[PDB]
Protein chains: 6
Amino acid sequence: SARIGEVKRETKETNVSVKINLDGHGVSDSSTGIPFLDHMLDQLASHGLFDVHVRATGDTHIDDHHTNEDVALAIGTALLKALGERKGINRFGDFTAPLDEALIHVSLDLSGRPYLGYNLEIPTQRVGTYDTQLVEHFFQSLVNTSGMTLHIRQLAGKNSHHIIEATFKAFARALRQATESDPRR
Amino acid sequence: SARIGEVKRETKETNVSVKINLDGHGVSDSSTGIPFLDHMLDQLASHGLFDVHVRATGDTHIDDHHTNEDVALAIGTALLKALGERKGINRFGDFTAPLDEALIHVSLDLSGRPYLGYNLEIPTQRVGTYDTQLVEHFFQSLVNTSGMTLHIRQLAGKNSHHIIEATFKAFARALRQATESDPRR
Amino acid sequence: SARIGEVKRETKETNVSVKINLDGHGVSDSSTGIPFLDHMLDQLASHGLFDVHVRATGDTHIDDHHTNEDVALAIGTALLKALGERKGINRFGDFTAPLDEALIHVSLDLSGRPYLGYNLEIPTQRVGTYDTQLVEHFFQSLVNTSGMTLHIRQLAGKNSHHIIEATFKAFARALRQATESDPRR
Amino acid sequence: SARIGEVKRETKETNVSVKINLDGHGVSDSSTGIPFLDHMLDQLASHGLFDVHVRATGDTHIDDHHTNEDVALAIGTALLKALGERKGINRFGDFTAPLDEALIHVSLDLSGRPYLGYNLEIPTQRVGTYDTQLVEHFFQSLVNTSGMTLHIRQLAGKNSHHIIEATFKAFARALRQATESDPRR
Amino acid sequence: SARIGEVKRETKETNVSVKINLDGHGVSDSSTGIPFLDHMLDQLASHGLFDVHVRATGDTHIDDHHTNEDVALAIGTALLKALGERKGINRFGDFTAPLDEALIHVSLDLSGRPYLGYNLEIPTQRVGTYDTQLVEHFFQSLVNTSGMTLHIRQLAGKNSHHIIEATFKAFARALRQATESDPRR
Amino acid sequence: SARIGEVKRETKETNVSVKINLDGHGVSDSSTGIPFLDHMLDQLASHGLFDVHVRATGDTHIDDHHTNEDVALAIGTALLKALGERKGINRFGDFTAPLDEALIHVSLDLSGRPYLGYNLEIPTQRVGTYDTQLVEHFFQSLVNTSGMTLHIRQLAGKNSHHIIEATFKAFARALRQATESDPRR
Ligand SMILES: [Mn+2]
Ligand SMILES: [Mn+2]
Ligand SMILES: [Mn+2]
Ligand SMILES: [Mn+2]
Ligand SMILES: [Mn+2]
Ligand SMILES: [Mn+2]
Ligand SMILES: [Mn+2]
Ligand SMILES: [Mn+2]
Ligand SMILES: [Mn+2]
Ligand SMILES: [Mn+2]
Ligand SMILES: [Mn+2]
Ligand SMILES: [Mn+2]
Ligand SMILES: [Mn+2]
Ligand code: NA
Ligand code: NA
Ligand code: NA
Ligand code: NA
Ligand code: NA
Ligand code: NA
C-alpha cells in the first residue's frame, strides 16, 4: 500500500495543503503562488519519483517569505506522516548531482533529529522574482518538521538557477534512496 | 485615561495620518502604500501592545523613500504628543529579541534628545519590493521627531526579513517598557 | 492551576522520567547518573523556580552522551506539554547572569521553531567527569523537542564550572520570564 | 520597614559618613569635596530610587584619590548592612542605559563574593577636575566591601562625561532591580 | 530676453523634446518615462531656478538606458543653445550641497571643452526602478553635448537616493552661478 | 525688519538667556561662565554679522558640560524662532575658512532635519580650561534644536585654538549666507 502523507495548515499569513506519495511516479502538481518554488517542487517529484500535490495562498505582496516557510513546514510534516513507523527502509540517502557547471552533494538520514548543514553560495540575490535567501529557509523549515538530518554541500557552481536546481535534484535522489525499501530489512 | 497622540503630516510628496495609543491592546491598522512597512507596523502594535493607526499615500511611483520618511516623522511626533509630560513612566527601555537565527538588542531613553545608534548589516538590497536602506531612515526620522535616544545593535542574523522583523519586535518591547508606569514614580 | 508536563521515554540506551511544574517553588529532585548534570538541573529549579523531577538509567559505562541527550530531549518535551496553548504568557525571555568572572547572556522565544545559537568556549575538556562538549548537546536537544528559539552568548569567563553554571542561571531566569503571565495579555 | 545602612569611617586620610535607604524615593544628599563624584552620587539616588546621604572631608590638596576610595569603601559597607539577610530579593540585576551616544551594560549579583569586571575606555584624563582613573577605583572599592559581583561593559560612547554618567545610570537601575523584592520568594 | 534653448531630437530608440530657460523661476515640467529621472529634473528646476520642460518617449521595456542618454544629450544641447555667445556671465560655478548625511561638491566651467570627473559610489543598484549606473551616464552625455567641464566629488553619503539628489542640488546651484551675470563683465 | 529670536530656559543645572538678530551688525554680548565659549560666540557675531546676546549661569564646578550643552540648545531654538517661515532665503550656506595652518570647510542647509557630520581632530584635551570634547557637543546640540543639516570637515590644522576658531569663522560665514535673502526668491 502506497505511503501517503497529507497536511492542511492554516496560519495568520498563509493557507497550505500538501499531499505526498512516497511510492509515486513523479506526478507534479504544485501551485504555491511562487513560480520558482513550483519549478523546484516539480524537480522534487520528477527526480524523486514522489507524487507531489501542493496548494498555497498567502501574503506575497509583503514578500515570498511567509508562503515559502509555511509550504516547507507542511511538506516536512507530510513526509513525517507518510513515513509512519519507518520499518524496513534504507533510512540513509547520499547523492551528488550535476547541472552543467554546478555540482551539489546531499546526504541525509531519516533520524528523527532535525539538523541542517548548508553551505550553498548563491551569487545573485534574485532568480526571476525569487529571493535566493529563501532556499536555505525552505530546507531548514522542512528539516525542522520532518525531523531529518540533512547536509547540503556545494562542490561547484556559478549560475544561481543551476546551483539551486542541482540541489533539488540531489535532494530528491537522496530522499528517494532513504525512503526506499532495504531488501535485507 | 489612555495616552493617545494624533498627527496629520502633509508634504508636497506624501499625505499622512497617524494615531497611536500608548495604552492599547495591539490593534493594528496601518496602510502606507508600502506592504513591508505595513507588516513592520503590525509588529510594532502586536509586540508593543500599542494601537497603531496609519494612513498614507504618496509618490511611490518614484520610490518608497519619501513615504517611508514622512510616515516615520509623523509616528515620532505622535509618540511625543501621546507621552505628554512623561510623568511617572519607566522612561528607559531595554530588550533583546530573537527571530530564529537573528538576535537584536534595542536600548532606548525617552530623553528629549534625539540620537540614533544603528549597526544593522542587512545582507540583501530588497525584501519584497522594500529597499533595505529605508530601515535605518525609518528609525532616524522617528528619533528626530520623538526626541528619543535609541540604540539598535545586531548580535546575530543572516536572513534580511528576520533581522528587520526582530528589530521591530525588540524596539516595540523596549518602547512598551519605557512608556509603562514605574510603580515607584 | 499549575502547568505540569510529564514525559516517560525509554530507548535502547536509556530509561528516562521527567516531570516539570512551570509554576513551582524551586523543588529540585534530579538524579541522572551524571553528577554534574544533576547540579545544573538543581540550578535550573532554584533559579527558574521550576519544580524539576528527573530520573535516568543509562549506559554511562560507554560515556555520558546517550544519557545527557535523552534527558535533554525529555525535558524539552515536558516543557512543550506544560506550556499547553501558551495563552497569556510573556513568551520572550532575556537575562544576563554573572558568576564571578563569568557572564552569560541568554535570550529565548517560545516560538514553536527550534533554533540554537551557542557560542560558549569552555576551556577545559572535563568538569569532574562531565565532558564539556555535552553542554551544547544538552541545549540543542532541549531546543529540538521544545521548539524554542534559544541564543546563548558568552560575554566573559575563564573557569569552566563558572561558565557552565552561569549559563544555567541565565537560562533558568530567561525561561522563568518567558513562561510567566504577561499582565496585559 | 525600610532597609537602611549607616557607616562612619575615619582613616588617617579622610572622614566619611554614609547613610543609604534601599527603599527610598531618590533623595540626593552627597557632599564629598569632589563635585563630579557628588554629581554621580545624585545619579545613583535618582536612577536607583535610593536615598543617599554622604559626607566626606579629606586630603584633596594631594589629589582626589584617598577621598574617592574612602567614600566608595563606606558605600559598599553601607549597602551590605542595609541588605541584612537578603531574604526574598531579586539578588541579580541587569540593565543597559544610554546617554546620547554612550551605551553601558551593567550586570550584577549580590553574591557575597567580590568581583569587578570593568572595560570602560574613557578618552580624556579629566572630567572637570575629576581624574577619570578614579571611576574604576570607585567601583572596585565598592565591590570589595559590599561583596558584589559586578560587570560593567562599554557598548558605545565617545564623550567622557556621557560614558561615566551612563555607567552610573545603568548601575543604579541594575542595583535597584537586585535589591527589590522577588514576588515569588 | 530670457535665454531659452530648445531641442527636438528623435533617434530609432527615443523621441525627445527639451526646452530650458536659464533665466527662469523654477518651473518644472519633465516627463521622461523614468520617474526617478523626472524627480531629479524637478530638483534641477527648483534648485537652479531654471524653467525645465522635458518630454521623452523611449524604449523603456529594454531598460532605461537609451531614454536616459537621449534626454541628457538633448539637455546638454539645449544648454549650449541657450548660452549663445556667453557674454558677461560668471562662467564658473562651485557649490557643495548636503542632504542629511550626504555631501556632494560640484565644480564646473562653461568652457567649450567636455570633461566629466565623477567619483560617486552609490551603494545600491536600484533606486525605485532606476539603475544607479545611469547617474554617471546622464552627466557624461550632458557634458559631451554642452561642452562643459564638470567635476562631481562625493564627500559623504550612505543613502543612494540622498547621494544622487544631493548631486542634483549641488549641480543645479553650481550651474545657476555659472550662467548668472558677472556684475563686472 | 529684523529677524529676532529670544529663548529663556532654566534647568536644575543651568539658567540661560539667548537673543539673536539674524540681520545684525556683529554686536557681541556673550557671558556664559565659560571664557573660551564666550570667545567663540564673539567670533560667531563678528564673522556672521549676527547680534548675539547670551547669559548663562550653572554648575561649572562639576564641569563645563551642562552649561555648554544648555547654551547650544538655546541658541539652536533661538535661530529656529528668528528664521520664522524661512521665506526667500538662500537656505544653503558653504564656506571654507583658514586660520593660519588650520582650514575648515562648513556646509549647511536650513532644512528642518537635524544632522551633524563632524570630523575635527583636536590634538589637545584642553584649550585654556575648555574641554575640547565640548566643541562637538556644542554643534550637535545646536543642530538638534535648530533642525539644521550641518557638515564640519577639517582639511588642515595643528593648533587646537586655531582649529576650533577656524570652525566658528567658517560656520558663522556659512550661516550668514544661508540666512541672507536670495535675490531671485
Ligand atoms: Mn522565517
Ligand atoms: Mn530550470
Ligand atoms: Mn530622506
Ligand atoms: Mn514576517
Ligand atoms: Mn552512540
Ligand atoms: Mn548525540
Ligand atoms: Mn557549582
Ligand atoms: Mn587606592
Ligand atoms: Mn551630567
Ligand atoms: Mn543599447
Ligand atoms: Mn550609452
Ligand atoms: Mn527625493
Ligand atoms: Mn550631554
Ligand atoms: Na525492506
Ligand atoms: Na508610575
Ligand atoms: Na497574562
Ligand atoms: Na519577595
Ligand atoms: Na554681466
Ligand atoms: Na529673497
# chains A, B, ... in the order shown; residues from 1 in each chain; ligands from 1
call {"tool": "residues_near_ligand", "arguments": {"ligand": "ligand 10", "cutoff": "10 Å", "atoms": "only C-alpha atoms and all ligand atoms", "output": "VMD selection string"}}
result
chain E and resid 13 59 62 to 66
call {"tool": "residues_around", "arguments": {"residues": "residue 72 of chain C", "least_positions_apart": "3", "cutoff": "12 Å", "atoms": "only C-alpha atoms", "output": "NGL selection string"}}
result
:C and (7 or 9 or 14 or 16-18 or 32 or 37-38 or 40-41 or 54-56 or 65-69 or 75-79 or 134-146)
call {"tool": "atom_distance", "arguments": {"atom1": "atom CA of residue 1 of chain F", "atom2": "atom CA of residue 147 of chain F"}}
result
23.6 Å
call {"tool": "interface_residues", "arguments": {"of": "chain C", "to": "chain B", "cutoff": "10 Å", "atoms": "only C-alpha atoms", "output": "NGL selection string"}}
result
:C and (92-95 or 105-109 or 111 or 113-117 or 148-151 or 153 or 184-185)
call {"tool": "atom_distance", "arguments": {"atom1": "atom CA of residue 81 of chain B", "atom2": "atom CA of residue 20 of chain F"}}
result
28.8 Å
call {"tool": "residues_around", "arguments": {"residues": "residue 129 of chain A", "least_positions_apart": "3", "cutoff": "10 Å", "atoms": "only C-alpha atoms", "output": "list in words"}}
result
residues 34, 35, 36, 63, 64, 125, 126 and 132 of chain A; 128 of chain B
call {"tool": "write_last_selection", "arguments": {"atoms": "N, CA, C and O atoms", "output": "short mmCIF file (atom, residue, chain, number, x, y, z; two decimals), in the first residue's frame"}}
result
data_model
loop_
_atom_site.label_atom_id
_atom_site.label_comp_id
_atom_site.auth_asym_id
_atom_site.auth_seq_id
_atom_site.Cartn_x
_atom_site.Cartn_y
_atom_site.Cartn_z
N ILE A 34 4.35 31.02 -5.84
CA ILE A 34 5.79 31.34 -6.05
C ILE A 34 6.28 30.47 -7.24
O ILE A 34 6.63 29.29 -7.03
N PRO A 35 6.35 31.05 -8.45
CA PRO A 35 6.68 30.21 -9.61
C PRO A 35 8.02 29.47 -9.55
O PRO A 35 8.08 28.30 -9.96
N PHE A 36 9.07 30.09 -9.03
CA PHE A 36 10.34 29.37 -8.93
C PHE A 36 10.25 28.19 -7.96
O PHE A 36 10.80 27.12 -8.22
N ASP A 63 6.27 39.79 0.86
CA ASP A 63 7.36 39.12 0.12
C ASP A 63 6.97 37.59 0.08
O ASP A 63 5.86 37.19 0.49
N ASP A 64 7.85 36.76 -0.46
CA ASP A 64 7.55 35.34 -0.58
C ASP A 64 7.87 34.57 0.70
O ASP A 64 7.64 33.37 0.78
N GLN A 125 21.04 37.77 -5.97
CA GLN A 125 20.01 37.91 -4.92
C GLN A 125 18.60 37.46 -5.37
O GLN A 125 17.77 37.13 -4.51
N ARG A 126 18.34 37.44 -6.68
CA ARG A 126 17.05 37.05 -7.22
C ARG A 126 17.23 36.10 -8.39
O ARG A 126 18.02 36.37 -9.30
N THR A 132 16.89 34.57 -3.16
CA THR A 132 17.72 33.39 -3.02
C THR A 132 18.03 33.03 -1.55
O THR A 132 18.47 31.91 -1.26
N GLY B 128 11.06 41.78 -0.47
CA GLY B 128 9.94 42.02 -1.39
C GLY B 128 10.34 43.16 -2.28
O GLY B 128 11.39 43.10 -2.95
#
call {"tool": "residues_near_ligand", "arguments": {"ligand": "ligand 2", "cutoff": "9 Å", "atoms": "only C-alpha atoms and all ligand atoms", "output": "ChimeraX atom specification"}}
result
/A:36,39-40,43,161-162,164-165
call {"tool": "select_by_dssp", "arguments": {"residues": "segment 54-153 of chain D", "states": "alpha helix (DSSP H)", "output": "short mmCIF file (atom, residue, chain, number, x, y, z; two decimals) with N, CA and C atoms, in the first residue's frame"}}
result
data_model
loop_
_atom_site.label_atom_id
_atom_site.label_comp_id
_atom_site.auth_asym_id
_atom_site.auth_seq_id
_atom_site.Cartn_x
_atom_site.Cartn_y
_atom_site.Cartn_z
N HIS D 65 42.16 60.99 45.13
CA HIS D 65 42.24 59.52 45.26
C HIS D 65 41.77 58.99 46.62
N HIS D 66 42.31 59.54 47.73
CA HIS D 66 42.03 58.97 49.07
C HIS D 66 40.55 59.15 49.40
N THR D 67 40.00 60.34 49.10
CA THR D 67 38.57 60.60 49.32
C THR D 67 37.68 59.69 48.51
N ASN D 68 37.99 59.57 47.23
CA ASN D 68 37.18 58.75 46.30
C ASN D 68 37.11 57.30 46.79
N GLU D 69 38.26 56.78 47.21
CA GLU D 69 38.37 55.41 47.67
C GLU D 69 37.59 55.22 48.97
N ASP D 70 37.80 56.12 49.91
CA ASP D 70 37.19 56.00 51.23
C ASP D 70 35.65 56.13 51.18
N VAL D 71 35.14 57.02 50.33
CA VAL D 71 33.68 57.14 50.06
C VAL D 71 33.12 55.83 49.49
N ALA D 72 33.82 55.30 48.50
CA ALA D 72 33.37 54.04 47.84
C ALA D 72 33.36 52.85 48.83
N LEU D 73 34.43 52.73 49.62
CA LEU D 73 34.50 51.69 50.64
C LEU D 73 33.33 51.77 51.62
N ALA D 74 33.06 52.98 52.13
CA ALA D 74 31.95 53.21 53.06
C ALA D 74 30.59 52.90 52.44
N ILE D 75 30.39 53.31 51.19
CA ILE D 75 29.12 52.99 50.50
C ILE D 75 28.89 51.47 50.36
N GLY D 76 29.96 50.76 50.01
CA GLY D 76 29.91 49.30 49.90
C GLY D 76 29.48 48.69 51.23
N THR D 77 30.10 49.14 52.31
CA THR D 77 29.72 48.64 53.63
C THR D 77 28.28 48.98 54.00
N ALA D 78 27.86 50.19 53.65
CA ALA D 78 26.52 50.64 53.95
C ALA D 78 25.52 49.79 53.19
N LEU D 79 25.79 49.44 51.93
CA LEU D 79 24.90 48.59 51.15
C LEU D 79 24.77 47.20 51.81
N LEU D 80 25.90 46.65 52.21
CA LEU D 80 25.95 45.33 52.84
C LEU D 80 25.12 45.35 54.12
N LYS D 81 25.27 46.41 54.90
CA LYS D 81 24.50 46.49 56.17
C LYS D 81 22.99 46.60 55.88
N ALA D 82 22.64 47.41 54.89
CA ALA D 82 21.23 47.67 54.57
C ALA D 82 20.55 46.39 54.05
N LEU D 83 21.33 45.57 53.34
CA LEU D 83 20.80 44.34 52.77
C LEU D 83 20.44 43.31 53.81
N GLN D 133 40.69 58.00 35.99
CA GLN D 133 41.11 56.71 36.57
C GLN D 133 40.33 56.41 37.85
N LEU D 134 39.74 57.43 38.46
CA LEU D 134 39.06 57.18 39.75
C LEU D 134 37.71 56.47 39.61
N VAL D 135 37.17 56.41 38.39
CA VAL D 135 35.90 55.71 38.14
C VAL D 135 36.06 54.22 38.43
N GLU D 136 37.08 53.63 37.83
CA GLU D 136 37.34 52.20 38.06
C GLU D 136 37.60 51.93 39.56
N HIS D 137 38.37 52.81 40.20
CA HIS D 137 38.72 52.64 41.60
C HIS D 137 37.47 52.75 42.50
N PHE D 138 36.55 53.63 42.13
CA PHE D 138 35.30 53.78 42.87
C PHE D 138 34.55 52.44 42.85
N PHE D 139 34.32 51.87 41.66
CA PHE D 139 33.59 50.63 41.57
C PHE D 139 34.34 49.46 42.23
N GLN D 140 35.66 49.41 42.05
CA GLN D 140 36.42 48.32 42.68
C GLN D 140 36.29 48.32 44.23
N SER D 141 36.46 49.49 44.82
CA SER D 141 36.37 49.66 46.28
C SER D 141 34.96 49.31 46.80
N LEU D 142 33.95 49.76 46.07
CA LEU D 142 32.54 49.46 46.42
C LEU D 142 32.31 47.95 46.41
N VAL D 143 32.80 47.29 45.37
CA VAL D 143 32.66 45.85 45.26
C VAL D 143 33.35 45.15 46.42
N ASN D 144 34.55 45.64 46.78
CA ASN D 144 35.34 44.95 47.80
C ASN D 144 34.68 44.89 49.18
N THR D 145 34.02 45.96 49.60
CA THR D 145 33.33 45.97 50.90
C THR D 145 31.87 45.47 50.84
N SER D 146 31.21 45.65 49.71
CA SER D 146 29.83 45.12 49.58
C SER D 146 29.77 43.62 49.34
#
call {"tool": "residues_near_ligand", "arguments": {"ligand": "ligand 14", "cutoff": "7 Å", "atoms": "only C-alpha atoms and all ligand atoms", "output": "list in words"}}
result
residues 88, 89, 181, 182, 183, 184 and 185 of chain A
call {"tool": "closest_residue", "arguments": {"among": "C:10, C:123, C:22, C:33", "to": "residue 60 of chain C", "atoms": "only C-alpha atoms"}}
result
C:33
